[PDB]
Amino acid sequence: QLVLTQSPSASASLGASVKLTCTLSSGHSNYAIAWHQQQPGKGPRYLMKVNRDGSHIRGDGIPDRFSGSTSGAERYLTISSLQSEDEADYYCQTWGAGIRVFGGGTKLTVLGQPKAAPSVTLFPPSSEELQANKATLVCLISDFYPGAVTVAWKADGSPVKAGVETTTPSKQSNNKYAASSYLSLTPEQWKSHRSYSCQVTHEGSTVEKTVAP
Amino acid sequence: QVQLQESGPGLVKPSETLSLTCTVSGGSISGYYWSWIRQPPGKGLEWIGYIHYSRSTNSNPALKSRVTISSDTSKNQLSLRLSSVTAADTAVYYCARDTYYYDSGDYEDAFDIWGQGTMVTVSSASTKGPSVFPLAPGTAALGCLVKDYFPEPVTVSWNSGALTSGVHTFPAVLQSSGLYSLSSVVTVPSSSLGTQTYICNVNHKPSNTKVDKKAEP
């Protein structure tokens, strides 16, 4: 059975090199493979073909920081001078008789990117939404690194647990992280309090924003 | 300049047949194998099958009983039909340009161009277009709140695609209603607040909903 084995994750620091591995099952140790990259949020793109003899052929436009190599049943993708944009899922793939198969993918984390505190903006319910007899507070959390935060909501100063939805941080175009938190209320609840608060904790420091009806 | 574009419905009901097309531009489908691939949300890539217009077609043994792949030379298109769908078939579906076979009969293995992918959700729930609300504002954030739509995705551009900077469109949240909501935000100079207008262009293809909303002070 043709199998490509990839371990699910790999890690290395900004500016370093990393060697990702793809292992062919024993009966297919002489096969060529292709490497594909899938940056978070987008479709896959082809990187290169790695041949049995160790030669590799990059796709048009793929940076020369990407190279490939072979050792027995191992097929490698070496990425040098790691940049933030290299955080992605990397899939190996091969060709068989009437079949193609993918490895399980390897998620690469690039460690040690520059630290950044989040910018927080809290939006009250829009007049349009209130006119539609609904109310959402939107807490926007921008431009932070590393990509983990916790969010705490308060009404007048009392914690609010119900009706909170928070997204998992994802990378922005500038390679910093963003996240969003939503607090759902009725219009009467919104209008009944003096204020609502969104408090974001990031690397042990808190940033808080308040809005009033 | 060869490009691949998948299309099909974003929503099909369980037990129905999913029908997708892969339209090739900038070159001919002749001579190449063309592959179909899919990716369930958050999971890996699964090869579905392939076709060469004058050689063969085949598919993954786990899916072969439900998969029919064909080609249309006049339209320069490949197609995929997946029958008896269930929630396990919810995925983004891709086509890719695969191995090229020369007239001699020899070939060179390849898998070098991907389409953009098209998102398919298998559900009995009905399509619903979003409600869009502005998030009103030396730097300032403004945005649009895109509420209560189904299925995914919605795309949000700003100023008819002419604004491409501090734009970030967040992942959607799945609410207990079974509907999705997301927000799209842009960071703009405070000095351009009384000057430039900011309009989010919200597209929800499964309901063919199109909404422009101004985010104003």
Side-chain angles (χ1 to χ4, degrees), chain A residues 1-8 20-38 44-59 68-77 89-106, chain B residues 4 22 29 31-40 43-71 78-80 82 91 93-102 104-115:
Chain A
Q1 326 70 47
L2 176 58
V3 181
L4 295 173
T5 299
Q6 297 182 262
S7 291
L20 306 182
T21 71
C22 175
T23 301
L24 282 147
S25 44
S26 60
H28 315 82
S29 61
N30 289 342
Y31 278 31
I33 67 144
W35 285 109
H36 301 96
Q37 182 195 52
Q38 184 176 30
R45 71 172 176 162
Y46 166 78
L47 292 184
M48 75 184 58
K49 172 164 65 172
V50 181
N51 293 316
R52 177 211 66 75
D53 68 348
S55 61
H56 73 281
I57 179 53
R58 290 198 310 283
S69 58
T70 291
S71 178
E74 319 305 319
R75 304 286 181 277
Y76 299 117
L77 172 69
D89 298 328
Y90 293 88
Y91 294 91
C92 56
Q93 171 260 314
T94 191
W95 308 263
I99 183 185
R100 282 81 177 97
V101 348
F102 289 87
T106 299
Chain B
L4 283 47
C22 171
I29 62 172
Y32 292 92
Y33 271 97
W34 298 89
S35 272
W36 283 101
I37 312 95
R38 64 182 186 175
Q39 190 170 41
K43 296 216 269 282
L45 299 166
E46 175 182 26
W47 183 75
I48 296 163
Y50 71 173
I51 182 160
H52 182 299
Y53 74 130
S54 66
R55 292 190 73 84
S56 78
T57 185
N58 197 27
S59 53
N60 182 317
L63 304 176
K64 184 179 287 185
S65 64
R66 303 189 291 130
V67 163
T68 302
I69 299 167
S70 56
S71 60
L78 307 317
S79 61
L80 165 65
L82 181 67
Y93 285 76
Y94 300 90
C95 53
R97 198 176 73 184
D98 200 312
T99 297
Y100 184 72
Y101 272 77
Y102 309 93
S104 57
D106 184 30
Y107 61 97
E108 176 180 348
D109 283 327
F111 212 98
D112 60 338
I113 304 177
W114 293 79

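Just so we're on the same page: letters track the sequence lines, and every chain starts at 1.
The line from CZ of B:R38 to CG of B:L45 is 11.5 Å long, rounded to the nearest 0.5 Å. Atom CD1 of B:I48 and atom CD1 of B:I37 lie 7.0 Å apart (nearest 0.5 Å). With rounding to the nearest 0.5 Å, the separation of CE in A:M48 from CD1 in A:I33 is 9.0 Å. Going from atom NZ of B:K64 over to atom CD1 of B:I69 covers 11.0 Å, rounded to the nearest 0.5 Å. With values rounded to the nearest 0.5 angstrom, A:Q38 atom CD is found 11.5 Å from A:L47 atom CG. One distance of note links OG1 of A:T5 with CZ of A:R75; it measures 12.5 Å at 0.5 Å rounding.
The two residues A:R52 and A:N30 make their nearest non-hydrogen contact at CB-O, 3.3 Å. Annotation for B:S79 and B:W36: closest pair O-NE1, 3.4 Å, computed over non-hydrogen atoms. Looking at every heavy atom in both residues, A:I57 comes nearest to A:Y46 through O-OH, 3.5 Å. The minimum heavy-atom distance between B:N58 and B:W47, with the atom names listed, is O-CH2, 4.1 Å. The two residues B:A96 and B:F111 have their closest heavy-atom pair at CB-CE2, 3.4 Å. Closest heavy-atom contact between B:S59 and B:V67: CB-CG1, 3.7 Å.
The main-chain N or O of A:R100 is never found under 3.5 Å from a side-chain atom of A:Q93 such that the two would form a donor-acceptor pair. B:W34 places a side-chain N or O within 3.5 Å of a backbone atom of B:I29 that can act as its donor or acceptor partner. Side-chain N or O atoms of B:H52 include one that pairs as donor or acceptor with a backbone N or O of B:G31 at under 3.5 Å. Under a 3.5 Å cut-off, the side chain of A:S7 and the backbone N or O of A:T21 do not form any donor-acceptor pair. The backbone N or O of B:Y50 lies less than 3.5 Å from no partner atom in the side chain of B:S35, so there is not a single donor-acceptor pair. Listed for the B:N60 side chain is a donor-acceptor partner under 3.5 Å among the backbone atoms of B:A62. Distance alone, capped at 3.5 Å, is enough to place a donor-acceptor pair between the A:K49 side chain and the B:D109 backbone. A:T70 places no side-chain N or O within donor-acceptor distance of the main-chain N or O of A:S55, the cut-off being under 3.5 Å. Not a single donor-acceptor pair under 3.5 Å links the side chain of A:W35 to the backbone N or O of A:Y90.
Shown here are the side-chain contact (heavy atoms from CB on, under 4.5 Å) partners of B:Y100, two or more places apart in sequence or in another chain: B:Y32, B:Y102.
Of the candidates A:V50, A:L77, A:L4, A:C22 forms a side-chain contact (heavy atoms from CB on, under 4.5 Å) with just one, namely A:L4.
Relative to the six-membered ring of B:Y101, B:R55 meets both conditions, a distance below 6.0 Å and an angle of at most 45° to the axis.
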For this session: Apply side chain to side chain contact (heavy atoms under 4.5 Å, CB included) to A:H36 and A:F102, showing your working.
Result: CA-CA 10 Å; A:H36 301 96; A:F102 289 87; 4.1 Å; yes

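The side-chain heavy atoms of B:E46 and B:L63, taken from C-beta on, include a pair separated by under 4.5 Å. A:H28 places none of its side-chain heavy atoms less than 4.5 Å from the side chain of A:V3. Side-chain contact between A:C92 and A:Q6 is present, with heavy atoms from C-beta onward closer than 4.5 Å. Residues B:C95 and B:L78 have side chains not in contact (no heavy-atom distance under 4.5 Å, counting atoms from C-beta outward). Side chains of B:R97 and B:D112 form a contact here, defined as non-hydrogen atoms less than 4.5 Å apart.
Taking the six-membered ring where the residue is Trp, B:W114 and B:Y94 present perpendicular rings, their angle passing 60° and hence far from 30°.
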